[PDB]
Every structure is written in structure tokens, then in C-alpha cells.
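Novice: Here is my input, please return the structure:
(chains A, B, C and D, ligands or ions: 10)
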Amino acid sequence: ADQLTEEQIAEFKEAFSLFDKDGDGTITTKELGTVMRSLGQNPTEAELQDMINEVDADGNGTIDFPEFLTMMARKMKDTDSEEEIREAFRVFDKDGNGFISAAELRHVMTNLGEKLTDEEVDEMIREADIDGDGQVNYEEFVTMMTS
Amino acid sequence: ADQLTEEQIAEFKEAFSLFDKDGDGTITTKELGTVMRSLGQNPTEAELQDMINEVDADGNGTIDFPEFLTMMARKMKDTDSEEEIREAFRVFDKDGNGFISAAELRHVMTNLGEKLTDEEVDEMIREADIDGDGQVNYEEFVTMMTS
Amino acid sequence: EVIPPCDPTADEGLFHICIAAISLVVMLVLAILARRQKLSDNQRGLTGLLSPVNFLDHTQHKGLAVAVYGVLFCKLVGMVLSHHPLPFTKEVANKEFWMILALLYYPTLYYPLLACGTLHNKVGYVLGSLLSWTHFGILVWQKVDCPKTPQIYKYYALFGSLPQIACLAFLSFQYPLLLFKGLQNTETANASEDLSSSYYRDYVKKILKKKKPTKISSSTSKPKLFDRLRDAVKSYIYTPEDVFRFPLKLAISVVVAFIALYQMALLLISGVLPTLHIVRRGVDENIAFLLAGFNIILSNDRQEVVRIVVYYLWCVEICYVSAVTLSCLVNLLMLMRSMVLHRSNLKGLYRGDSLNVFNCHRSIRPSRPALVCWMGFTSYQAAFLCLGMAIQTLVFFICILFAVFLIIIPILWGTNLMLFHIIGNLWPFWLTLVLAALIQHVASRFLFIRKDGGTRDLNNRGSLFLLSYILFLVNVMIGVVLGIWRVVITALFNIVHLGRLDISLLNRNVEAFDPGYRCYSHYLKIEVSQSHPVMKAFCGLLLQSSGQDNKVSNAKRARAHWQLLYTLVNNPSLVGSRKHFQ
Amino acid sequence: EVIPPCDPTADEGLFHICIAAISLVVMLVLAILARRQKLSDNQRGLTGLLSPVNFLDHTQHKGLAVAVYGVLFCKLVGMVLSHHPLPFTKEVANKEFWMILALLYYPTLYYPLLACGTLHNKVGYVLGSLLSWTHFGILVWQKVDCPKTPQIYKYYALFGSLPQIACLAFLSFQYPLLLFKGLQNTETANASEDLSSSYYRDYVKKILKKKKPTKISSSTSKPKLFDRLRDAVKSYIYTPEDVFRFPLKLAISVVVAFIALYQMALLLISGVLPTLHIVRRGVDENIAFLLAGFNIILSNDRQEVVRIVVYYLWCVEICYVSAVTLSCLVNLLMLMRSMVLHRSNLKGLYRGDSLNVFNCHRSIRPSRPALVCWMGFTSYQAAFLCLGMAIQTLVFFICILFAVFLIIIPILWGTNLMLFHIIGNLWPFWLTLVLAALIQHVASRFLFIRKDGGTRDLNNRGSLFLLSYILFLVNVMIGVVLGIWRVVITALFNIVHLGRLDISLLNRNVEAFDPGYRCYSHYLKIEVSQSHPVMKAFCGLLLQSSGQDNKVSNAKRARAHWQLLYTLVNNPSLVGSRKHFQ
Ligand SMILES: CC(C)CCC[C@@H](C)[C@H]1CC[C@H]2[C@@H]3CC=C4C[C@@H](O)CC[C@]4(C)[C@H]3CC[C@]12C
Ligand SMILES: CC(C)CCC[C@@H](C)[C@H]1CC[C@H]2[C@@H]3CC=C4C[C@@H](O)CC[C@]4(C)[C@H]3CC[C@]12C
Ligand SMILES: [Ca+2]
Ligand SMILES: [Ca+2]
Ligand SMILES: [Ca+2]
Ligand SMILES: [Ca+2]
Ligand SMILES: [Ca+2]
Ligand SMILES: [Ca+2]
Ligand SMILES: [Ca+2]
Ligand SMILES: [Ca+2]
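Specialist: Numbers count the residues shown, from 1 in each chain, chains lettered A, B, ... in the order given. Ligands and ions are numbered 1, 2, ... in the order given. Structure as follows:
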């Protein structure tokens, strides 16, 4: 989930290609259920429709390559690189005050598409409100990357 | 002087490298006078200082690679590709009226550095004023590319 | 000169009947249990019999499969030597036809040995152990009595069976050893081949953690000719600490090659020295006098000719022993070298990188003839090594007599001086090939090439065009010395690397017609399209989380939407390949 | 059987004195004119003598240099055969030492012939013609009388001198022909080597104009086995319309190779057939009876043995003629093929492209040992071809007797059937290598490989792991048939392409130790770093505009500032490499 070189992304680009035989760049259910069958297991079709739902965050029922990257990026990472999340804060905060507003958030989505509706953007910040303020701490972004 | 592929630029990149032994990307006088000596001729040092002055348009006494490209691009070209100068007009004219102002000119230099002083920009348009108006015709840019 | 009768061999015709009665039962028992377990793909898609051990697993224990192929190869070695070996109860039907189905007989016979490992229960290892006791029992009892055999050599079948004995002993210390591990309830586990080991998890872990050891250290410095004894260690290093495990089909092919090296090195030694000591004893100096007097000159003292002809048949025996020990050492050096290069070829084909990209720039696509090359890659490896030891010894034998009879003996003794009447009659001639090649290198670096500012070197012309014209007919005579070197250095390189598959002996432009390198790429292409250690670790997170697990899940989605952003910020070039591929 | 005395040979000892008196004068005349013309680099940087014709020009006329090297090579051929040839007036001083300086003698003798072309005046061609008249005069007059010579063959020196005669005739139709062109004042022009021809201008013109023929046409379609007789034409095509001219040093090396092919093909034919007709005449059937009765069986009718032994010595003569005409045709096919590949290697090294980028990814740098390989590349080309015709004929001779004495004669006549008692005793055995290889290809495409949607093919597993285990010992016996094919196909390819320099016979990873391909890359690297056809056309616009040519020049600068913009608009990626390199 951090910065990678070309080679470290090239392998995950390769292993992604062994799923989607279309070359389209996305994995459907039947593009997935053949591979699980090839390694022996016969999952329930209702379970496989649930198994995509952990990976897919856009909710379009299909898996993108950065959707594929983050699954392997979560659970095999080290504990922390404390500077790199501190390096991440320079993009998420123009102010330098450490406090990430919803307006400072939508600046990044403006740079990267602004794919989601603003009510769903509002539902993001309601998770980070254990600070008792309604404002993103220096640590709120940190605990979201740990767990 | 038109659009080229990667290979057609790669050769001129190669033949440029046989002059500048520095690798710096520019040709001085002594970086030039050794090559002319290698093909036999012994030019006058005052002539060689004049021989750079035809190539160098920035007047810094040294030859850049696009300064090197335009010399070979002038004299071995075909007569005309009439659409491509017409294709060039879409960048030099935002209006679509065909008339290129000094304000429409400095928009392109804004995109590409604005390296020159505005008085020298003013001295450019005084060449293109054979139309009897003080305004750039559709044909004024054309005759500058022919000769 | 001795002939043993054998109560084992008189029972071996019934041990052919006995064991084949045992092997037919255990195969059909496993056909019953497959109709009692509702198995996966491990059943036959034509009849329903069990498959043997899965070859496309990288984490499966490879002690059984290396053992059984190590036995199946040795029976091929003994089958060529004995002309008869199976006429026993079936019809001959043009007897050379009866020397064919025995290729299909030994894998049928040893088939229940591998078949036990695919179940992991109390049924399999009890049936598995007793069979491995039995074949180890019959072979050892056959060799306690009657070691001396009149077939090839006085001790040949004892020395010929040394891998086949000790490789069954590994089966005897594995099936009871793995049965004893069933006390820890290792039989309630299942045949899930994607069982998420530490290997699959650490291999993905090595990719992502790599940025923290990517910070390099300094470089060391070693002086001359010990670094030369250390760069040779750099080709020796098969060791390095890595989370990397071979394919099963590749791991078999190294050991089966190593047994095949042991069998050719025994067949050459124990087939030639018997017909050499007999001549070294039975010299017949009275008859060899008339053998000498009919063709050549006695040249002195017919008693001393006994000292003469023996003093050469020392050297024939010394040469042919040295030729095998040279050729056995080189192929020992190559398979060690062929082990480290399978490592780097296979990681580089994970990346799709620019190492084996002469064909990896194309599509990974498991075609039809890619699959036939995979079916039987192990056989090609052990076949090309037996031809390796043949040719390499036949060549090196003629390359040492050319040294022993021409430079070694005359420096030692001084009888014949055939070359030093040739080189001694050209001693001014080869000076001028040196001095002209001296004057081309010397005058170039000191007169023509002019190192200038920036270490950029130009040339003082004019005088050079003259010198490349005075030396025109001289450089033809240098062009013959390089002509024979091109012929030689291609010969040595074609024999040293003759028993390797990972390397193409033809040109760069025509590699695909060399049949050895052809079957190796089509192996290694289908090995990565079936069991890549990232997608096989990927399904581990989708399987072992599914069996062990609203607005609350939207908070998980609210973490998921942020982790999409945290990746795309630190990885800019994916944003286009996200939005164009969303 | 005949011996001619020769008034030319008795004067040839004085023609050695006469011509060497002529050649020493003309060389020192050119030393006087170089002190009367204030020349460029064409003078010697050690003494001051003229250089011969400039090798690093691509537009210079290459009729003189190909002619003189074509004469200098032929004198090497005749010098090997005659043992004595130059004892004439100097000391012998261990006579084999006197067979050395003659390598330095012939280029000294023919040196004023090439030296005339570097001046282009009335002095040069008048002196040049009379010398080319003289050497053409002496050689023709030596061969009108005394054609029959007792050295090698009845007509050998006549046929041996056929290139050397006709190549001097090209000198006789060039020096007066180019003197006659001096009427058009072609001697008031100068030795400016960057003289802007149509070649340098059109080559840059081909780069920039290319976008308008870059619009491709359609593709054609040809049926089977005539396209196979057309793809062979695609390797024949050395022709295509192009503004491209070879280097001088490369253009010499093709013709000098072609003469060397003519000389080995004459030495093999006219050295063997004399010792074959003598045996075909002098059979000595009464003596060959005792030659037969001492070793082998008469087998019938000692009169008919005359018909027997002649009926084999037909076939030895037929084989050895066919072996040379095979080996001469192949090297004729290769040098034609080596001509088109020098074209594409050299354009691809202009680009710095991804064709020869195995070393072109590194720096173009004219080092020291790059220059020695350039000094004498032509000699290496004609040396490796003479060894080519030796080995290729020696191999093909033994590859046709194995066909003629084994399959050709018995199908024709039926005396001996040695192979068809071998293959006839293995006719069920080779069926099973076919049928098992049949069952691996057939069952793969029709049962395992499953073409699906998107033409993406997966496999029906399980059953396949079994089939690659039943066929294990069978595939070892297929692995021997591929074992001998790997040894064969490397042998044919090493001899066919043995007389080429543009191709490395070793592996991809070790090309740099093959000495033939090593001297070819270091040639082709220094050829492009000295005379690239863009920078040599670039100085043409800076020279021929300088010798033929304020606010008014600021209007030229006002056009110049706009032409900077017109390039950068249509070429976006240069803007960063302008501003970072301004
Ligand atoms: C076909 C061959 C093996 C039959 C043997 C021919 C006889 C003459 C022997 C003697 C010398 C041998 C050659 C010497 C070395 C080479 C160069 C190598 O790059 C190809 C094989 C080749 C050309 C050998 C082929 C076999 C050879 C020609
Ligand atoms: C060094 C050689 C030339 C001496 C000749 C040796 C004798 C035995 C002949 C008979 C068969 C020949 C071999 C047969 C073919 C090959 C394969 C080729 O890729 C390398 C040369 C090599 C191995 C030949 C070398 C020469 C050879 C071995
Ligand atoms: Ca898809
Ligand atoms: Ca998705
Ligand atoms: Ca803020
Ligand atoms: Ca908060
Ligand atoms: Ca510079
Ligand atoms: Ca400049
Ligand atoms: Ca306008
Ligand atoms: Ca105007």
C-alpha cells in the first residue's frame, strides 16, 4: 500500500493476468470460480458472490487491479513505516495543521476522479470521529492503516 | 520540423552525440572545431564563430539539440504538407479566426517557457506585416515555413 | 569363471507372480476408497483410478516422488544389459517385441507406492509400509547370497544396485515415519492443495517488505586470483537465503540425472578394464614379436619389448581412467550450475521481466505442444546426460593421448620428438605473427588513439589507412590462427554444455529449433501458468478467511475506500490504469 | 611430363629488378608533390608519404581498391604452392625466414597503383595508367607462351591466374577512363572528403519524407509451397531501392572472399583428380588380385573384379565432385545472404535501436582493441572462408558415401543390405515410439486442452498426471532420438555458417568470446563513430553555405524563433529535453 518499484508491481500485474482470461482488466464471478475449482475447492456460488464483496469496494461486482493490490497489501505488511504515513500527510493536508477536513479530502478525489457521491464521502468521516470532535486527528489516519 | 516518430528522432539524437563528448547536451566552439578538422577542413576560428551563429537562435553561443534538429529540418523537407500547418493553427489560434495576435502568441510561450523578452517578441511580428495590417494572416505563418 | 545357481532366481519367476498379485489388489482397494471419499480432481477422468502424487504443488513433500523415480530409472539400466529378462510366463511374439512392454511394466508395478501418499490416513501408510518392506526385503536377500555374477564383472550387480537398494531404504524410513505422525491427528486434515503454508505467505511478504532491505550496503574489494577463486564460488552458490521452493517435476530431474551419471560412470569403467588387464597379463611376447615383425621394426632387443609395450599400456589405462574422471567431474559441475540457473530463470518468469523476454514478451498461453513437452521433461533431462557422458569421454580420451604421447612423455623421457621437429622448423615464422600483432596494438594506443578532455578518445588519421594496407597479407596469416580457434572453442563449448537443457547451443536467432531448449521453455511456461506463487497465495486469503468469519460493514467499507486512496497516492501511474480499467 | 624453359622466367629475375625500380620512383615522386600541395591528413604522420585511398569514405569510388586487393590476394595463393619463389637476389638467411618478407613485398610493389587515386590530376593518371599497362603486359605475355606447367596440373597456372588477369584489366579501363574525364575540368576540384553529393542529402531526405510513404498498403496472399519458393526469395533480396552505400572496407571483403572461394574450389579439384585417373587407368588387376587375396575374399571371377573395383571408383570420383559443388554452392548462398544482413545491421546501428542492442545499449566509444579489429577486418573475412571450404568438403564427402554406399546403390542394384538388416530387425520397435508420441499429441488436443470462451484454453486435470507417469520409461527412449538430433542439428549449423562473421556460433550469453563475431562488432562500432551519414551530411550544410553566402538578420532570427516553436508544437517530448538541456 506504500510506494513500490516497477518490478514489485510487475509481479502482481502478472498474477492478476492469470485470472482474467479476457485481458479486459477485471474479474467477474465465473472468471474467479474456475480458478478456485482448479486448486481443488468447490465453493458455494452464494459464497463466491460474498467472496468478491470483500475485495470489491466500488460495489460494481467486479474486481479492479488496484482493488486486487490492496488485498495483498493489507495483511502481509510490516507494522509501520512511521515517516511514510507522515509523508502521506503532505498530500492530504494543505494546511500543515494535521487536521483533514472533508474539503481537504475532496481535493484529493478531485485529483483522482471524485468517483463517489458526497453522502458516501460524509459516511467516511463518521468512522474517524472517536476523537470526540468531528475532526481528523494525526492518529485517525494512522489507525485506519494499521487495522 | 513536423511530427516525427521515436526512431526518426533517435538517429538525430545519435548523430548529435558524436559531437558533444561531454554528454552535457550542447556544442561549444572547440567541441565543434575538432569534428570539422577530422573531415579534413581547417576553418577559420572567426568563421567557426560565425558558423555557430547560423544555428544558435538563443544567442548563448552554444547549440541545443532542438537547435540542431531545425537545421536539418529546414532544407531537406518536402514542399508542403498543407494540412499540418493547418493542424498547427489550432494551437496558435484559440479564436479560429486565423489571425494570430501577440497575445495569442504569448499563450504558447507561456506553455513553453516564455524564454524571450517581450520587445524581442514584438520584433517577431514586425516581419509578418507585409499584409498591410499589422495582423498575422493564414498565409503569413505559411510563408515563414516555406523559406 | 564362476556360475551361481540361485534359489532366489528360481523363485524370482514366482516373485514376478507374487508381487504382481500384490500390486493388483492395492490398486483396486484405492478404487473402492475413491468411491467412499468424494474426492477432487485426483480421480482419473477416463476410468476413475487414483492419480499419483500431484506434480503441480510446490509445497508438497518431495521425498516420495524422488524416491520412486529413482527406482524406476535403475530398472531401465539393468534391462538393457540382460538380453532376456522377461520371457517368463507370457508369449514372446517376435521376442524383440517382448522387450517393449517392460517399459510399461515397471511403472505399473511400483504404482501403489506413490498412490498411498495422496490420502494421508491409517489405510494408506499401513499398506504403504508393507510394500516398501517387501521390495527392500527381496532385493537385499537376493544380494546377500550370490554377489559374484558372470554377466559383466565379478562385482557388477552388487555395485550396480547401490542406488536401488538405498533408495528403497528411504521408503522404509518415510512411510512408517509419516504413519507415526498420525498420532498428532494429521489424518483429520484434508487434501486441500492450496493449504496456506508459511511458504505462500512469506513469498508475498518478501515482495512488499523488500523496500526496507532495498537500502544497499557498500561493496567489498578482493585482490587478483583469489577473487578468481571467489567468482568461481559465485557460480557455486546454490545456497542463498530465500523463500523459494522448486517445482516437483524439476526437483525429480536433478536426482534422476544424478543417478544416471552414476550408472554411466560404472558402465564405462566396468566394461573396458576387464579387456585391458587380460592383454596386460596375456602379452604373448613371442607372438607379439611376430606381430611386430609383420608390420614394423623391432628397433632393439626382443626381450626388452616386454618393457616397451607394457610401458605404453600403462598409459592407455591411465588415460581412460582420467577421461572418465574428467567427464564425470564436468557434468557434476554442470548440474550444480544447472540448479542455480533454474532458480533465476523461474523468478524472472514470475515478473514477466527482461531476462527471458526473448519469448516472454509474447502471451502466456498453455497451448497444445507446450503440454507434451511438459509431459516428460524429467525423461529428457536424464536422457541427454547419458549421451553427455558418452561423447565427452570419447572426446577427452583422444585429447589426452594427443598430449601424453606428444608433450608429456618426451619432456619426461625424450624418445620421440615429432612436434618439436615441426615447431622447431617454424621458430622464425611464428615470431612475425606476434610482432605484427604487437605493432598493431602498440602503435594504436600510443600514436593513433588520442585521449582528450573528458577521457574522450579520437584518432590521428591518415597514417592509419597506410598501416592497415601494409599489414594486409600478414593479417591473412593471423586470420588462420583465429580460424582454428573459432572451430575449437565451439567444439569445447558444445560438449561441456551438451547435457544441459536450459541453454540453447544454436544462435540467438534460431534457438527455437534446438529441441532441448524447446522442451525446457515449454515446461517453464506451463509451470508458471498453473501454480504461480502469488495467485496461489491469493486464494489462501479468500479461502481461510471465508471459512473463519450494513452501516458497520460500511465502516469497513469506509476503511476500504480510504485504503484505495492510500494506494493511489503513493502509486501515481496506476490511476490511469484504474480509471481506464474501472 | 613436359618441362618448358622460359625466356620470361629468365627475365622475371630481371623483371623483379625492373618493376621494383619503377615502383620506388613513383612513390618518391608523390613525396615531392605532397610538399607542393599542402595536403590534409592524407600525409603520413610518421614520415610524410601519401596515404592510399581513404577507407572511411562512403561516397568514394570503389573500383580501384577492390581491384588492387583482388590482385594482392591472388599472389598469396600462388606463393604457398611454389616453395622457392623469392630467393632471387637477397640472402636466404634460414630460407623459411625468406618466405616471410614476401608478405611485406607485394603490398609495397603494388602501392603506387592505389596511390594515384588520391590526387585527381594530370600527373596521377598518366603515371597510373602506364603501370597498369605494364603489369597487365607482363602477365599476359608470360601466359601466351608456356601454358603447360609441370608444377601441379597440365593447365593449372593458366586457370590459376584467371582472376589476376581480368582484375588488372579493370585497372586498364579505369585510369585512362578517369583521365579522359579530366577534359571536363574534374581536376580543378579538391580532396574535400565531405563533398556534398546527392547521397548524403537524399539519406537525410529519406528520414524526414518517410511519413508520407509511412501510410502502408494492403497485404498479399500466396498459397502453399510457392510462398516457400518466395520466402527463399525474401532471403535472396539484396536489391531493394534504397539510398544506402556500403563502407569501403566492407565492400572489399565480399569480392576478396569471392576470389578466395574460386581459389579453394580450383585447388581441391585440380589436386585430387590427377591422383584418381592414374589409379583408374593403372588398375593392375593381376596385382590387385594379390591385394585382394592377402586381405579379403575374391567372391567370384577375377576377370570380373575389373568390373567390380572400377564400379566403385566411379562413385568415389562422383562423390568428391559432388562434395565440392555442394560446398561451393552453400558459401555462394551465404555471402549473398551475408550481404543483405550487413545492410540491416548497419542501419539498425544508426538508430541505436533494439536490434543489435545486446551491446548497443552501452556507449559508442572507439577504444584501443576496437581499432585493431578494424585494422584487418578484410583479411579475417577471406581467411575464414578458405577454412570453410576445407571442412565443409571434408564433412560432406563422408556424408554422401554414407548415403551412396548404403541406400543409393542397394535401391539401384541390391548387392549389400546392411542397414535394412538393421532397420528390418527393429520394425516393431520404432512403432511404439510413434504410437506413444501419437497418443500424447492426440489425447492432449482432444481431451485435456479445453478451448473456451475468448479462445482461452484450460485443462482437465487429474487424468493428465497419470498419463505423464505411465509414459515415463517410454519417454526416455524418445529422449534418445531427440538426443542425437541435438547433436546433428548443431553440427550442420556450425559448418554451414562457419564462414560468416556477422553471426556468433556460441550461446547468447557468451557471444563475446567467439573471435569471429568479436572482430565484426568492433568493426561495425568504429565504422559508425567516424562516418555517420547524418553528421557527414550535417557539415555539408555548414560548409557549402558558408563559402557561398542587424535588424534584417533579426527578421531571419524572427523566422528562426518561429521555427523553434513550430518544431516544439509538433514534438511534445522534446520540450523537457530542451529546457533541461538549454
Ligand atoms: C559430422 C561430423 C561429426 C563427422 C566427423 C567429421 C570429421 C572430419 C571430424 C574431424 C574434425 C571434426 C570437426 C572439428 C570441429 C568442428 C567445429 C564445430 O563447430 C562443428 C563440428 C566440427 C566441424 C567437427 C565435426 C566432425 C569433424 C569434422
Ligand atoms: C575435438 C573433435 C573435433 C575431435 C573429433 C572427435 C571424434 C570422436 C569425432 C566423431 C564425432 C564428432 C562429434 C559429433 C558432433 C559433435 C557435436 C558438435 O556440437 C560438437 C562437436 C562434436 C562433439 C563432434 C566432435 C568430433 C567428434 C567427437
Ligand atoms: Ca474480465
Ligand atoms: Ca471493482
Ligand atoms: Ca487541514
Ligand atoms: Ca476525530
Ligand atoms: Ca558540451
Ligand atoms: Ca543555443
Ligand atoms: Ca485569433
Ligand atoms: Ca499582416
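Novice: where along chain A do the helices fall?
Specialist: Counting by DSSP state H, chain A has helices at residues A:6-17, A:30-38, A:45-55, A:65-75, A:82-92, A:102-111, A:118-125, A:140-146.
Novice: can you list contacts of the longest one?
Specialist: Meaning helix A:6-17. With CB atoms under 8 Å, 6 or more residues apart in numbering or on different chains as the contact definition, helix A:6-17 has outside contacts at A:23, A:65, A:68-69, A:72, C:207-208, C:210-211, C:350-353, C:364, C:532, C:534-535, C:538, C:571, C:574. To be clear about C-beta, it is placed using only N, CA and C from the backbone, and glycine gets the same treatment.
Novice: Confirm residue C:365 sits in a strand?
Specialist: No - counting by DSSP: H, G, I helix; E, B strand; the rest coil, one finds residue C:365 to be coil, located in no strand.
Novice: ok, it - how many residues close by?
Specialist: Residue C:365: 13 surrounding residues under other CB atoms under 10 Å in any protein chain shown.
Novice: Setting aside sequence neighbours, what's the nearest residue to residue C:78?
Specialist: Leaving aside its sequence neighbours, residue C:78 sits nearest to residue C:160 (CB to CB, 6 or more residues apart in numbering or on different chains; 6.6 Å).
Novice: Show me which helix runs longest in chain C.
Specialist: Assignment by DSSP H gives helix C:305-351 as the longest helix of chain C.
Novice: What is it packed up against?
Specialist: Using 3 or more CB pairs under 8 Å, 6 or more residues apart in numbering or on different chains; DSSP states H and E, the elements in contact with helix C:305-351 are helix A:6-17, helix C:228-236, helix C:248-272, helix C:274-281, helix C:285-293, helix C:378-403, helix C:515-528.
Novice: which one of the helices of chain A lies closest to residue B:112?
Specialist: Closest to residue B:112 of those is helix A:102-111 (CB to CB; 24.5 Å).
Novice: Quick one: list the elements packing against that closest one.
Specialist: Using 3+ CB pairs under 8 Å, 6+ apart, the elements in contact with helix A:102-111 are helix A:82-92, helix A:118-125, helix C:551-570.
Novice: ok, the second one near ligand 6 or not?
Specialist: Going back to what we said before, that points to helix A:118-125. No - for helix A:118-125, no contact with ligand 6 is found by CB under 5 Å from the ion; the gap never falls below 8.4 Å.
Novice: what's the angle between that helix and helix C:551-570?
Specialist: If you take axes from the mean of the first three to the mean of the last three CA atoms, to 10 degrees, helix A:118-125 sits at 90 degrees to helix C:551-570.
Novice: name the element the spatially closest residue to residue A:51 that is not a sequence neighbour belongs to?
Specialist: Leaving aside its sequence neighbours, residue A:51 sits nearest to residue C:542 (CB to CB, 6+ apart; 5.3 Å). Element membership for residue C:542, per DSSP states H and E: helix C:535-543.
Novice: Packing partners of that helix?
Specialist: helix A:30-38, helix A:45-55, helix A:65-75, helix C:198-209.
Novice: In CSV, could you pull the C-alpha coordinates for it?
Specialist: These are the backbone C-alpha positions of helix C:535-543, laid out as CSV (Å, rounded to 0.1, in the frame of the first residue of the first chain):
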residue,chain,number,x,y,z
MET,C,535,-2.3,-16.3,-7.1
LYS,C,536,-1.9,-19.5,-5.1
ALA,C,537,-1.2,-17.3,-2.0
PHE,C,538,-4.1,-15.0,-3.1
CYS,C,539,-6.8,-17.7,-2.9
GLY,C,540,-5.4,-18.5,0.6
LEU,C,541,-6.7,-15.2,1.9
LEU,C,542,-10.0,-15.7,0.2
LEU,C,543,-10.5,-19.3,1.5
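Novice: Now do it against helix A:45-55, angle only.
Specialist: Angle of helix C:535-543 versus helix A:45-55, following the same axes, to 10 degrees, is 100 degrees.
Novice: what's in contact with helix C:535-543?
Specialist: Taking CB under 8 Å, 6+ apart as the rule, helix C:535-543 contacts A:15, A:18-19, A:35-36, A:39, A:41, A:43, A:51, A:54-55, A:68, A:71-72, A:75, C:58, C:192, C:194, C:196, C:200-201, C:203-204.
Novice: gap between the residue positioned nearest the centre of chain A and residue A:108?
Specialist: In chain A, the residue lying closest to the centroid (CA atoms, centre = their mean) is residue A:70, at 4.9 Å. Between residue A:70 and residue A:108 the computed distance is 16 Å (CB to CB, to the nearest Å).
Novice: List the residues that contact residue A:130.
Specialist: By CB under 8 Å, 6+ apart, the residues touching residue A:130 are residue A:140.
Novice: neighbours of the residue in chain A positioned nearest to ligand 8, just the number please.
Specialist: Nearest residue of chain A to ligand 8, counting by CB to the ion: residue A:6, 34.8 Å away. Neighbourhood size, residue A:6 [other CB under 10 Å]: 10.
Novice: Any of the contacts of helix A:6-17 buried? List them.
Specialist: Among the contacts of helix A:6-17, the ones that count as buried by 16 or more other CB atoms under 10 Å in any protein chain shown are A:65, A:68-69, A:72, C:207-208, C:211, C:350-353, C:364, C:532, C:534-535, C:538, C:571, C:574.
Novice: Residue C:574 versus whatever residue of chain A ends up closest to ligand 7, what's the distance?
Specialist: Closest approach between chain A and ligand 7, counting by CB to the ion: residue A:6, at 31.6 Å. Remark: distance between residue A:6 and residue C:574 (CB to CB) = 12 Å.
Novice: from the helices and strands packed on helix C:535-543, which stretch is densest packed?
Specialist: Highest mean neighbour count of these: helix A:65-75, a mean of 19 (counted as mean count of other CB atoms under 10 Å in any protein chain shown).
Novice: tilt between that helix and helix C:551-570?
Specialist: Angle, helix A:65-75 to helix C:551-570, by the same axes, to 10 degrees: 100 degrees.
Novice: on contacts alone, who are the packing partners of helix A:65-75?
Specialist: With contacts defined as 3+ CB pairs under 8 Å, 6+ apart, helix A:65-75 has these neighbours: helix A:6-17, helix A:45-55, helix C:198-209, helix C:535-543, helix C:551-570, helix C:574-579.
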